[PDB]
Amino acid sequence: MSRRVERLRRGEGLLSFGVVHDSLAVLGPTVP
Amino acid sequence: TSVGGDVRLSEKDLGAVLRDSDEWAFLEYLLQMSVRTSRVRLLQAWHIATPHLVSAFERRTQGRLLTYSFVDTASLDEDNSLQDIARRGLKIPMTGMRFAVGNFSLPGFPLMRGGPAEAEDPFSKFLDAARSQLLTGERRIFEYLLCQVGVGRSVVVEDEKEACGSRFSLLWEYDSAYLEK
Amino acid sequence: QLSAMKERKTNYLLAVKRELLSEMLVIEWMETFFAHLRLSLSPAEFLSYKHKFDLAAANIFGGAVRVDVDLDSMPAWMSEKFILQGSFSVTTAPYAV
Amino acid sequence: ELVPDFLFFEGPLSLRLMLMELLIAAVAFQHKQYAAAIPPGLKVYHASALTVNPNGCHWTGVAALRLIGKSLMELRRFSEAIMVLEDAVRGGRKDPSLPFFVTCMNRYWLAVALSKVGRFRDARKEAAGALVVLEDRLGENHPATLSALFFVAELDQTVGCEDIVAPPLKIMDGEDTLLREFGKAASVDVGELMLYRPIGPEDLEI
Amino acid sequence: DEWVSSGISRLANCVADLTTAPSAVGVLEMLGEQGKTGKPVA
Amino acid sequence: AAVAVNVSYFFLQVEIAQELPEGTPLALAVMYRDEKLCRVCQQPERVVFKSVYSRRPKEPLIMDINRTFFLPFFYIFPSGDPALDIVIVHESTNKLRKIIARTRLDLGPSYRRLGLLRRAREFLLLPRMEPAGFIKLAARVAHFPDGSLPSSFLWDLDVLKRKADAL
Amino acid sequence: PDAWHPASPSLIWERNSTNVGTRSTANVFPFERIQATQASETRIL
Amino acid sequence: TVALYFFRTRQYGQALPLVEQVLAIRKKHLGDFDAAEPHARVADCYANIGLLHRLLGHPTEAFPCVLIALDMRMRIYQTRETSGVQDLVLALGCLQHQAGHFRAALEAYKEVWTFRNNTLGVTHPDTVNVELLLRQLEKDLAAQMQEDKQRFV
Amino acid sequence: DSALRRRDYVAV
Amino acid sequence: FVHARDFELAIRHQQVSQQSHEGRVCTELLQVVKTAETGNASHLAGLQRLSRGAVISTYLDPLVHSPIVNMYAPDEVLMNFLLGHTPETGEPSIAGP
Amino acid sequence: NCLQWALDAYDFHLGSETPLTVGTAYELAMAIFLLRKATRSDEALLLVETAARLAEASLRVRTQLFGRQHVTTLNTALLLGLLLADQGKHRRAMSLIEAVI
Amino acid sequence: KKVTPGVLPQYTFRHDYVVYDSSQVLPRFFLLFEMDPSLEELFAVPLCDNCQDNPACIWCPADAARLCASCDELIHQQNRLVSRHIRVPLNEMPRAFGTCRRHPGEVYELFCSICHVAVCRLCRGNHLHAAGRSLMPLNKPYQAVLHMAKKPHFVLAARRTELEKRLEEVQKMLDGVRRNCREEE
């Protein structure tokens, strides 16, 4: 609950969920 | 980029995209957002997705994810000429083919000054005129392919030197390979 | 080796989370870009690029959610509980042939 | 009753269920419901490309995109009515098992949607191409042939007489259409600004 | 610190696998060093 | 689709309605011979929450309930045969939700049956708790308005207990 | 003219400490080839 | 004066060769770093050469130029609270913040903030701007922790 | 468990 | 050997019912109404008594479901432990030695 | 801290969707709400941020395990309301206390 | 080169995938496009007037400055008299509407309703939807579009209702898998 249009401007959207995407990478399937 | 032989693209062939149309607006917007600059305007557009390729693509990409990507036709192998793309669907060699999803800078006109430059993935007159031509950077115009890639449940793996198909396995649970640094 | 199969189970579920994150991060890529358009366009061009943003919205993300994420869609080994059995008994060796 | 009967006994890609959605979309269009014909007709198009003839089109697919194309046209959403009918034209062209009448009627309604949205040169090109194939194959006295000839003549009439019926002129500007110094307080609509515009010596350049 | 994990588990390849549930003896040590912080008035 | 029952006006008689005071408002809710008196009034459209009006009976009470109630059509209607009964409840933090009227019952087994269109005209019905005294009006079948107004059953779990135990 | 060359200590720090090839999403402002507003009109505005 | 004109036009690069001559002339027809008594004109111009060489991008050799300015202003103005000293310790803090070095530019920033709070207000542009450098130090500290302690791959 | 299925196919 | 299936059911992950407690007893007991409507006494041991055990009270008074009511009927002991946990008796098992 | 470890042991064993691990989460949110009141420290805004996540996750499970009419799910919505008003988000606290009543 | 004015869109998203099957790629469009340096950069928010190191966000008519979001707090949260400046964002700056770009230089007059592009004097009689009415005055609908662009699009908010919803049930199966392998540990 905040000001949505200023949230898009400063960018706690795309940038905040980019690091969630990076933290969930985990390299290597198993290396069988 | 050599459109197969010495044939010009005909309307009985690959369909035309009308100027100031709704699909002209969609192609312009996804091509301007990727380069993040308004100086890049579209000057020709074609439809190369015959319904045979659409039905086969939808069957394979069932439950996967679909991302839009751009491929340079000049960097394409000359087996994948535009005449051949109209029936086969941009056939992939055993080494695999790379794909850029999102922002990219056009070659020769960089918009990124860092370590890398987010350049497009591949797969004395030379300075006399260049002192008044390449400083202004006169228009050189590109031929790309906006292709929908069915990347679904990718596995993150590091640099492409070991992500090539000559050594990478691609376990059957997966059908794509996300790249790290 | 228990973390080897645990990586087999969880990296598939985390690749599902990675592609669900990828489609919803790229709807943020639409919105945070268009916020910069509003502050950079004269009002004549904003009405045109609102139509182009509406058209790009309805063409890319127009239908349903294409990823299904369902146990039926998952492989057959997302169903069992990794049964363990055995022993590590440390005894002597027999003294007779 | 039969939607869960056919999603379960025939899978998600069913021939009987795809024909159910086409019949419901057809009776919704016949009763002039307009909306609630796009959601069933879109299920016909999303199924018929895969369930029958994935080499391209069908009569069910053509009737699906035409039922969608008519309804989105007449609901004043003219923009995606162009994209729906153009997709019907491009799929149907280089394809057997569909006669000349399918690829000519689809082109004709593409030009009818393109004239209603307003591009007059582009709609005349498709209306002329649909006219030519209809003259050669299916006679010259058939009502579809006469409607295509009337449509080609109508777009030549509209692009040639719009400039004379409503000359460019310099209206909507108070002191350029009476009204403000005449008694009325603005007009806004073009159909009234043209009506009260007095011709003058300066307008003869236009 | 993002990498926080007691020794109770040894299975980790991401940051979400780190369980912070204290061990059985771990509770009795670092709950025990809390009544000796104070010393009933001065 | 749906069903559209409009009340028009209300009439009540010189019994327990007399000691209904001049301060307590009422609430009128239509039902399915099923569900909860609690959950019908929480859902806004099916119930009316008028304040009690005109504040001087002098006679048997007469008082206005306009508006039409749009209730979800059930093409199968679980728990067997459908019925339509309308209740009146004492909406106050005094004497709580009570039974003041039961009104009509029955709709026809898998309606489009005995009771569909013979309640569509303007009729006069009979609340009964317990003796007689008459008012209601009207019913109809909706033209399926548009975007799926709720269309979920409001199951009373106590009556679902005894019917499942009986089966 | 020349490059932007920011004056903030933080915007310089993000230029020579972090790079965009490591993150899927990144702020790009202390990396772009932005004009420096040239001389005379910088004094005006 | 020409070094000042290049400053107001954002052309900091040409300002460095101009100020370097100003150091050279002021050194020999005035004092120096020690020079028995110290002069405020020499100490001011050493502050200028470290400020302008910060702006080009080199933090490492602008550091000794501002240390000499802080020592000279310590001997001219004496005590610790004077506003000239508090401009220079702000320059040490911003030099540190340019070349990483967190948790020590915090205490350098807070020293400027506490003096400017009770002699210029909680609202003055010289205090809110230091507060902006505190907030923007917190964004860089959050990013640095999330790019070096998040590498669990 | 499906690996236990394959073990029993080889064994008794 | 009698409850042979529920031992093997503890080898499965199952599916988590994405509904409330009222939502669980809604779709479970409404299933019981119609499956008892179709008839046949062979259904009875499957779900008309197995899915019957779904109370519609969050509150349980402790004297029933006590720690010492597991003495009058041991069948629910082998269901509250064997992954039944309060939330299909068809195929046989060959009774050979 | 004792409630902090108990939340860590119930979700390790029974998971994070059981009534027992929701009771530990709600009591930890109430405990950390008393910690801010007693100390009255202005640096405890990060303490209230983790107070919001624990009570919000407690509300979601309690709606889907006990219904919207139960003593546990009512005062968890009330504690969550007081915490959002404490953050300064004043009208999310409005709708939450409006939902309690 | 690289003398592009203003601040470009500063947010990048980039993934690089590698696929192995031909049926996984559907070639859809063939695009011939032009990089042109002599065109005007339409996508450019100017730099801040005060600090010249942030992109501007707020235009203040009282100060006549293209301020950024950080220096807005610097010079407007000062002493109490300079705290009442009516600050609109940089979109609402007084600026010319522009010319048609199909016929050069005649100033727009109305807005076409069915197609989202406005009209001019030359093209009014021959517009796309030139003939309740499709032609309506220009000032009103731009204020409605600006207010509509503040709330999220309904079709992208439909991605919020389903892509988020699917994440909790992947976390539920992941919590089941992790709990399973931790008891086996």
# chains A, B, ... in the order shown; residues from 1 in each chain; ligands from 1
>>> select_by_dssp(residues="chain L", states="strand (DSSP E or B)", output="PyMOL selection string")
chain L and resi 4+7+11-19+25-35+45+47+55-60+65-68+88-89+110-112+118+135-137
>>> write_last_selection(atoms="N, CA and C atoms", output="tab-separated table (two decimals), in the first residue's frame")
chain	number	residue	atom	x	y	z
L	4	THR	N	24.12	11.74	-27.68
L	4	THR	CA	22.66	11.71	-27.54
L	4	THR	C	22.21	12.54	-26.34
L	7	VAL	N	18.30	11.77	-20.86
L	7	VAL	CA	18.45	10.49	-20.19
L	7	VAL	C	17.52	9.49	-20.85
L	11	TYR	N	16.25	1.23	-17.46
L	11	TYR	CA	15.95	-0.06	-16.85
L	11	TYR	C	16.14	-1.15	-17.88
L	12	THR	N	16.96	-2.15	-17.57
L	12	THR	CA	17.24	-3.23	-18.51
L	12	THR	C	16.84	-4.57	-17.92
L	13	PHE	N	16.25	-5.40	-18.77
L	13	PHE	CA	15.99	-6.81	-18.48
L	13	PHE	C	16.65	-7.61	-19.59
L	14	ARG	N	17.45	-8.61	-19.23
L	14	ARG	CA	18.08	-9.42	-20.25
L	14	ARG	C	18.32	-10.84	-19.77
L	15	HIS	N	17.77	-11.80	-20.49
L	15	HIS	CA	18.11	-13.21	-20.36
L	15	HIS	C	18.69	-13.69	-21.68
L	16	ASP	N	19.58	-14.67	-21.61
L	16	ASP	CA	20.16	-15.30	-22.79
L	16	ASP	C	19.91	-16.80	-22.69
L	17	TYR	N	19.05	-17.32	-23.56
L	17	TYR	CA	18.74	-18.74	-23.59
L	17	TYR	C	19.43	-19.41	-24.77
L	18	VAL	N	19.55	-20.74	-24.68
L	18	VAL	CA	20.03	-21.57	-25.78
L	18	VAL	C	19.09	-22.76	-25.91
L	19	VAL	N	18.51	-22.93	-27.10
L	19	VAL	CA	17.58	-24.03	-27.34
L	19	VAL	C	18.22	-25.00	-28.32
L	25	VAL	N	11.18	-23.14	-31.83
L	25	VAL	CA	11.31	-21.77	-32.29
L	25	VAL	C	10.33	-21.56	-33.43
L	26	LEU	N	9.48	-20.55	-33.30
L	26	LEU	CA	8.53	-20.19	-34.35
L	26	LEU	C	8.93	-18.85	-34.95
L	27	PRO	N	9.52	-18.83	-36.14
L	27	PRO	CA	9.83	-17.55	-36.79
L	27	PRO	C	8.56	-16.89	-37.29
L	28	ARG	N	8.27	-15.70	-36.78
L	28	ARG	CA	6.98	-15.05	-37.00
L	28	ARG	C	7.05	-13.84	-37.92
L	29	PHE	N	8.03	-12.96	-37.73
L	29	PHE	CA	8.06	-11.70	-38.45
L	29	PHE	C	9.45	-11.43	-39.00
L	30	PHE	N	9.50	-10.84	-40.19
L	30	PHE	CA	10.73	-10.39	-40.82
L	30	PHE	C	10.73	-8.87	-40.81
L	31	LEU	N	11.68	-8.28	-40.09
L	31	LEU	CA	11.68	-6.85	-39.80
L	31	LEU	C	12.86	-6.17	-40.48
L	32	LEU	N	12.57	-5.16	-41.28
L	32	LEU	CA	13.59	-4.28	-41.84
L	32	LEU	C	13.44	-2.94	-41.14
L	33	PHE	N	14.41	-2.59	-40.29
L	33	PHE	CA	14.32	-1.39	-39.47
L	33	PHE	C	15.58	-0.55	-39.62
L	34	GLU	N	15.48	0.71	-39.20
L	34	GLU	CA	16.45	1.74	-39.53
L	34	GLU	C	16.93	2.45	-38.27
L	35	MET	N	18.23	2.39	-38.01
L	35	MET	CA	18.84	3.29	-37.04
L	35	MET	C	19.20	4.59	-37.74
L	45	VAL	N	13.85	12.00	-21.09
L	45	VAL	CA	13.63	12.92	-19.97
L	45	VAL	C	14.91	13.70	-19.72
L	47	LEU	N	17.92	16.06	-17.99
L	47	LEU	CA	18.61	16.00	-16.72
L	47	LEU	C	18.08	17.07	-15.77
L	55	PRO	N	17.98	12.04	-13.30
L	55	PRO	CA	16.95	12.36	-14.29
L	55	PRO	C	15.81	13.12	-13.63
L	56	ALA	N	15.30	14.12	-14.35
L	56	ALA	CA	14.25	14.97	-13.80
L	56	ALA	C	12.94	14.20	-13.70
L	57	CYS	N	12.11	14.58	-12.73
L	57	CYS	CA	10.81	13.94	-12.58
L	57	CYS	C	9.71	14.97	-12.37
L	58	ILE	N	10.06	16.13	-11.81
L	58	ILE	CA	9.09	17.12	-11.37
L	58	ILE	C	9.47	18.47	-11.95
L	59	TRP	N	8.51	19.13	-12.60
L	59	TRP	CA	8.69	20.47	-13.14
L	59	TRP	C	7.92	21.46	-12.28
L	60	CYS	N	8.64	22.44	-11.71
L	60	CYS	CA	8.02	23.43	-10.85
L	60	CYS	C	7.84	24.73	-11.62
L	65	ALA	N	12.03	25.25	-13.26
L	65	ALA	CA	13.14	24.31	-13.26
L	65	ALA	C	12.64	22.89	-13.48
L	66	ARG	N	13.47	22.10	-14.15
L	66	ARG	CA	13.19	20.69	-14.42
L	66	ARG	C	13.93	19.86	-13.37
L	67	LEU	N	13.36	19.84	-12.17
L	67	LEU	CA	13.99	19.24	-11.00
L	67	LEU	C	13.82	17.72	-11.00
L	68	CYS	N	14.67	17.05	-10.24
L	68	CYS	CA	14.59	15.61	-10.02
L	68	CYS	C	13.87	15.33	-8.71
L	88	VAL	N	3.92	19.98	-10.46
L	88	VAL	CA	3.37	18.95	-11.33
L	88	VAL	C	4.54	18.15	-11.87
L	89	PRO	N	4.35	16.90	-12.29
L	89	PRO	CA	5.44	16.17	-12.95
L	89	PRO	C	5.78	16.78	-14.31
L	110	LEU	N	-8.47	18.10	-33.36
L	110	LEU	CA	-9.35	17.21	-32.60
L	110	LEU	C	-8.67	15.88	-32.34
L	111	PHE	N	-9.41	14.95	-31.74
L	111	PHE	CA	-8.94	13.61	-31.46
L	111	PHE	C	-9.91	12.64	-32.12
L	112	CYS	N	-9.37	11.67	-32.86
L	112	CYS	CA	-10.19	10.59	-33.41
L	112	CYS	C	-10.40	9.56	-32.31
L	118	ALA	N	-4.66	11.56	-33.11
L	118	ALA	CA	-5.43	12.78	-33.26
L	118	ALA	C	-5.31	13.32	-34.69
L	135	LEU	N	-15.23	12.30	-33.92
L	135	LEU	CA	-14.41	13.50	-33.81
L	135	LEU	C	-14.88	14.31	-32.62
L	136	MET	N	-13.99	14.51	-31.65
L	136	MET	CA	-14.27	15.14	-30.37
L	136	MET	C	-13.06	15.98	-29.97
L	137	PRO	N	-13.27	17.07	-29.21
L	137	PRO	CA	-12.18	18.03	-28.97
L	137	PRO	C	-11.01	17.42	-28.22
>>> residues_around(residues="residue 62 (chain C)", least_positions_apart="5", cutoff="12 Å", atoms="only C-alpha atoms", output="list in words")
residues 27, 54, 55, 56 and 57 of chain C; 153, 154, 155, 156, 157, 158 and 159 of chain L
>>> residues_around(residues="residue 106 (chain D)", least_positions_apart="2", cutoff="10 Å", atoms="only C-alpha atoms", output="list in words")
residues 62, 63, 65, 66, 69, 85, 86, 87, 88, 89, 90, 92, 93, 101, 102, 103, 104, 108, 109, 110, 111, 112, 126 and 130 of chain D
>>> select_by_dssp(residues="region 13-125 of chain H", states="alpha helix (DSSP H)", output="ChimeraX atom specification")
/H:15-28,40-56,63-76,83-98,105-120,125
>>> write_last_selection(atoms="C-alpha atoms", output="short mmCIF file (atom, residue, chain, number, x, y, z; two decimals), in the first residue's frame")
data_model
loop_
_atom_site.label_atom_id
_atom_site.label_comp_id
_atom_site.auth_asym_id
_atom_site.auth_seq_id
_atom_site.Cartn_x
_atom_site.Cartn_y
_atom_site.Cartn_z
CA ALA H 15 39.67 23.11 -14.37
CA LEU H 16 42.51 20.91 -13.07
CA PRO H 17 45.34 22.46 -15.19
CA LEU H 18 44.09 25.95 -14.26
CA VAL H 19 44.04 25.34 -10.49
CA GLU H 20 47.47 23.67 -10.64
CA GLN H 21 49.01 26.97 -11.72
CA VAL H 22 47.11 28.65 -8.87
CA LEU H 23 48.88 26.28 -6.47
CA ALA H 24 52.23 27.13 -8.06
CA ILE H 25 51.93 30.91 -7.81
CA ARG H 26 50.38 30.89 -4.33
CA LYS H 27 53.16 28.64 -3.04
CA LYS H 28 56.03 31.04 -3.64
CA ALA H 40 44.19 30.64 4.36
CA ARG H 41 44.60 31.22 0.61
CA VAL H 42 46.99 28.28 0.23
CA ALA H 43 44.78 26.02 2.36
CA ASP H 44 41.70 26.96 0.35
CA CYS H 45 43.40 26.16 -2.95
CA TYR H 46 44.59 22.74 -1.74
CA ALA H 47 40.93 22.07 -0.97
CA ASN H 48 40.13 23.07 -4.55
CA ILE H 49 42.65 20.72 -6.16
CA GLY H 50 41.34 17.69 -4.26
CA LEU H 51 37.72 18.61 -4.86
CA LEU H 52 38.18 18.97 -8.60
CA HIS H 53 40.31 15.84 -8.95
CA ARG H 54 37.55 13.95 -7.15
CA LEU H 55 35.09 15.03 -9.82
CA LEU H 56 37.13 13.57 -12.69
CA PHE H 63 43.09 12.06 -0.84
CA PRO H 64 46.50 13.59 0.11
CA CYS H 65 45.45 16.97 -1.31
CA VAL H 66 42.51 17.22 1.09
CA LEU H 67 44.46 15.90 4.11
CA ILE H 68 46.88 18.82 3.75
CA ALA H 69 43.91 21.19 3.57
CA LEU H 70 42.42 19.71 6.75
CA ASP H 71 45.72 20.03 8.63
CA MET H 72 46.27 23.64 7.51
CA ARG H 73 42.72 24.67 8.39
CA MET H 74 43.21 22.99 11.77
CA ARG H 75 46.10 25.36 12.47
CA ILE H 76 44.55 28.56 11.07
CA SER H 83 32.61 25.52 9.28
CA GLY H 84 35.77 25.45 7.18
CA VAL H 85 36.89 22.25 8.90
CA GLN H 86 33.41 20.77 8.47
CA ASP H 87 33.52 21.33 4.70
CA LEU H 88 36.77 19.39 4.54
CA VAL H 89 35.72 16.41 6.67
CA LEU H 90 32.72 16.21 4.35
CA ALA H 91 35.29 15.96 1.54
CA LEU H 92 37.05 13.08 3.31
CA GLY H 93 33.71 11.32 3.70
CA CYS H 94 32.77 11.73 0.04
CA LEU H 95 36.26 10.70 -1.09
CA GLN H 96 35.84 7.54 0.98
CA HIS H 97 32.34 6.87 -0.34
CA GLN H 98 33.59 7.08 -3.93
CA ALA H 105 32.46 7.37 5.68
CA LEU H 106 29.39 7.07 7.91
CA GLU H 107 31.16 8.61 10.90
CA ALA H 108 32.73 11.24 8.64
CA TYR H 109 29.27 12.17 7.33
CA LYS H 110 27.66 12.25 10.79
CA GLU H 111 30.28 14.71 12.08
CA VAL H 112 29.31 17.19 9.36
CA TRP H 113 25.62 16.49 9.97
CA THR H 114 25.69 17.12 13.73
CA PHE H 115 27.52 20.44 13.43
CA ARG H 116 25.36 21.66 10.56
CA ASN H 117 22.21 20.61 12.44
CA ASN H 118 22.76 22.87 15.45
CA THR H 119 24.28 25.88 13.65
CA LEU H 120 22.30 25.86 10.39
CA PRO H 125 20.03 22.78 2.28
#
>>> residues_around(residues="residue 6 (chain K)", least_positions_apart="2", cutoff="10 Å", atoms="only C-alpha atoms", output="PyMOL selection string")
(chain E and resi 21-22) or (chain K and resi 1-4+8-12+21+24-25+28)
>>> atom_distance(atom1="CA of residue 66 (chain K)", atom2="CA of residue 46 (chain F)")
25.6 Å
>>> residues_around(residues="region 19-21 of chain G", least_positions_apart="5", cutoff="8 Å", atoms="only C-alpha atoms", output="ChimeraX atom specification")
/B:114-116,118,181 /G:26,28
>>> atom_distance(atom1="CA of residue 61 (chain K)", atom2="CA of residue 17 (chain K)")
6.5 Å
>>> interface_residues(of="chain B", to="chain A", cutoff="12 Å", atoms="only C-alpha atoms", output="ChimeraX atom specification")
/B:153-159,162-163,167-174,176-181
>>> write_last_selection(atoms="N, CA, C and O atoms", output="CSV table (one decimal), in the first residue's frame")
chain,number,residue,atom,x,y,z
B,153,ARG,N,11.1,-23.9,-18.5
B,153,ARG,CA,11.8,-24.6,-17.4
B,153,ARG,C,13.3,-24.7,-17.8
B,153,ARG,O,13.8,-25.8,-18.0
B,154,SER,N,13.9,-23.5,-18.0
B,154,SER,CA,15.3,-23.5,-18.3
B,154,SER,C,16.2,-23.9,-17.1
B,154,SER,O,15.8,-23.8,-16.0
B,155,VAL,N,17.4,-24.4,-17.4
B,155,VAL,CA,18.4,-24.6,-16.4
B,155,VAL,C,19.5,-23.6,-16.5
B,155,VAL,O,20.0,-23.3,-17.6
B,156,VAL,N,19.9,-23.0,-15.4
B,156,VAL,CA,20.9,-22.0,-15.4
B,156,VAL,C,22.3,-22.7,-15.5
B,156,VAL,O,22.5,-23.7,-14.8
B,157,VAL,N,23.1,-22.2,-16.4
B,157,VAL,CA,24.4,-22.8,-16.6
B,157,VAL,C,25.3,-21.7,-17.1
B,157,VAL,O,24.9,-20.7,-17.7
B,158,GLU,N,26.6,-21.8,-16.8
B,158,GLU,CA,27.5,-20.7,-17.0
B,158,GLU,C,28.0,-20.7,-18.5
B,158,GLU,O,27.3,-21.3,-19.3
B,159,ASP,N,29.0,-20.0,-18.8
B,159,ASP,CA,29.3,-19.4,-20.1
B,159,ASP,C,29.2,-20.4,-21.3
B,159,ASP,O,29.4,-21.6,-21.1
B,162,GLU,N,30.8,-24.0,-22.6
B,162,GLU,CA,30.4,-25.3,-22.1
B,162,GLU,C,28.9,-25.4,-22.2
B,162,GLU,O,28.3,-26.5,-21.8
B,163,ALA,N,28.1,-24.4,-22.7
B,163,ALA,CA,26.7,-24.6,-22.9
B,163,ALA,C,26.4,-25.0,-24.4
B,163,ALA,O,25.2,-25.0,-24.7
B,167,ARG,N,28.8,-30.9,-25.8
B,167,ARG,CA,29.1,-31.5,-24.5
B,167,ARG,C,27.9,-31.5,-23.6
B,167,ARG,O,27.7,-32.3,-22.7
B,168,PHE,N,27.0,-30.5,-23.8
B,168,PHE,CA,25.8,-30.3,-22.9
B,168,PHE,C,24.8,-31.4,-23.2
B,168,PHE,O,24.5,-31.8,-24.3
B,169,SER,N,24.1,-31.9,-22.1
B,169,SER,CA,23.3,-33.1,-22.2
B,169,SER,C,21.8,-32.7,-22.5
B,169,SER,O,21.2,-33.3,-23.3
B,170,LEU,N,21.3,-31.7,-21.8
B,170,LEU,CA,19.9,-31.3,-21.9
B,170,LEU,C,19.0,-32.4,-21.5
B,170,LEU,O,18.3,-33.1,-22.3
B,171,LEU,N,19.0,-32.8,-20.2
B,171,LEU,CA,18.1,-33.8,-19.6
B,171,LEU,C,16.6,-33.5,-20.0
B,171,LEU,O,16.2,-32.3,-20.2
B,172,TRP,N,15.9,-34.5,-20.2
B,172,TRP,CA,14.6,-34.5,-20.9
B,172,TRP,C,13.5,-33.7,-20.1
B,172,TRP,O,12.5,-33.3,-20.7
B,173,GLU,N,13.7,-33.5,-18.8
B,173,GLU,CA,12.8,-32.6,-18.1
B,173,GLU,C,12.9,-31.2,-18.6
B,173,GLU,O,11.9,-30.4,-18.4
B,174,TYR,N,14.0,-30.8,-19.2
B,174,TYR,CA,14.3,-29.4,-19.6
B,174,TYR,C,14.4,-29.4,-21.1
B,174,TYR,O,14.6,-30.4,-21.8
B,176,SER,N,15.7,-26.1,-22.6
B,176,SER,CA,16.4,-24.8,-22.8
B,176,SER,C,17.4,-24.6,-21.8
B,176,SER,O,17.4,-25.3,-20.7
B,177,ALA,N,18.4,-23.7,-22.1
B,177,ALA,CA,19.5,-23.5,-21.2
B,177,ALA,C,19.7,-22.0,-20.9
B,177,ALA,O,20.2,-21.3,-21.8
B,178,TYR,N,19.3,-21.5,-19.8
B,178,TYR,CA,19.5,-20.2,-19.3
B,178,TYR,C,21.0,-20.0,-19.1
B,178,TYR,O,21.7,-20.9,-18.7
B,179,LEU,N,21.5,-18.8,-19.4
B,179,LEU,CA,22.9,-18.5,-19.3
B,179,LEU,C,23.2,-17.6,-18.1
B,179,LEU,O,22.4,-16.6,-17.9
B,180,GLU,N,24.2,-17.8,-17.3
B,180,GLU,CA,24.7,-17.0,-16.2
B,180,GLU,C,25.7,-16.0,-16.8
B,180,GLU,O,25.7,-15.8,-18.0
B,181,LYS,N,26.5,-15.4,-15.9
B,181,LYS,CA,27.6,-14.5,-16.3
B,181,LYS,C,28.4,-15.1,-17.4
B,181,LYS,O,29.0,-16.2,-17.3
>>> interface_residues(of="chain G", to="chain C", cutoff="12 Å", atoms="only C-alpha atoms", output="list in words")
residues 24, 25, 26 and 27 of chain G
>>> residues_around(residues="region 2-15 of chain B", least_positions_apart="2", cutoff="8 Å", atoms="only C-alpha atoms", output="PyMOL selection string")
(chain B and resi 17+46-48+81-84+86) or (chain D and resi 90+94)
>>> residues_around(residues="region 78-80 of chain J", least_positions_apart="6", cutoff="10 Å", atoms="only C-alpha atoms", output="list in words")
residues 3, 6, 7, 50, 86 and 87 of chain J
>>> write_last_selection(atoms="C-alpha atoms", output="mmCIF file, in the first residue's frame")
data_model
loop_
_atom_site.group_PDB
_atom_site.id
_atom_site.type_symbol
_atom_site.label_atom_id
_atom_site.label_comp_id
_atom_site.auth_asym_id
_atom_site.auth_seq_id
_atom_site.Cartn_x
_atom_site.Cartn_y
_atom_site.Cartn_z
ATOM 1 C CA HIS J 3 -5.478 -51.768 5.559
ATOM 2 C CA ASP J 6 -2.895 -46.790 3.297
ATOM 3 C CA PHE J 7 0.566 -48.156 4.062
ATOM 4 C CA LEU J 50 -14.168 -42.933 4.923
ATOM 5 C CA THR J 86 -8.664 -37.068 9.231
ATOM 6 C CA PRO J 87 -8.817 -36.564 5.478
#
>>> closest_atom_pairs(of="chain A", to="chain K", cutoff="12 Å", atoms="only C-alpha atoms", output="CSV")
residue,atom,partner,partner_atom,distance
A:1,CA,K:89,CA,7.1
A:2,CA,K:89,CA,8.2
A:3,CA,K:89,CA,11.4
>>> write_last_selection(atoms="C-alpha atoms", output="short mmCIF file (atom, residue, chain, number, x, y, z; two decimals), in the first residue's frame")
data_model
loop_
_atom_site.label_atom_id
_atom_site.label_comp_id
_atom_site.auth_asym_id
_atom_site.auth_seq_id
_atom_site.Cartn_x
_atom_site.Cartn_y
_atom_site.Cartn_z
CA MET A 1 0.00 0.00 0.00
CA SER A 2 1.86 3.04 -1.28
CA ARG A 3 1.97 5.42 -4.25
#
>>> interface_residues(of="chain C", to="chain A", cutoff="12 Å", atoms="only C-alpha atoms", output="VMD selection string")
chain C and resid 1 to 39
>>> atom_distance(atom1="CA of residue 6 (chain I)", atom2="CA of residue 82 (chain C)")
14.6 Å
>>> closest_residue(among="L:151, L:178, L:97, L:64", to="residue 85 (chain L)", atoms="only C-alpha atoms")
L:64
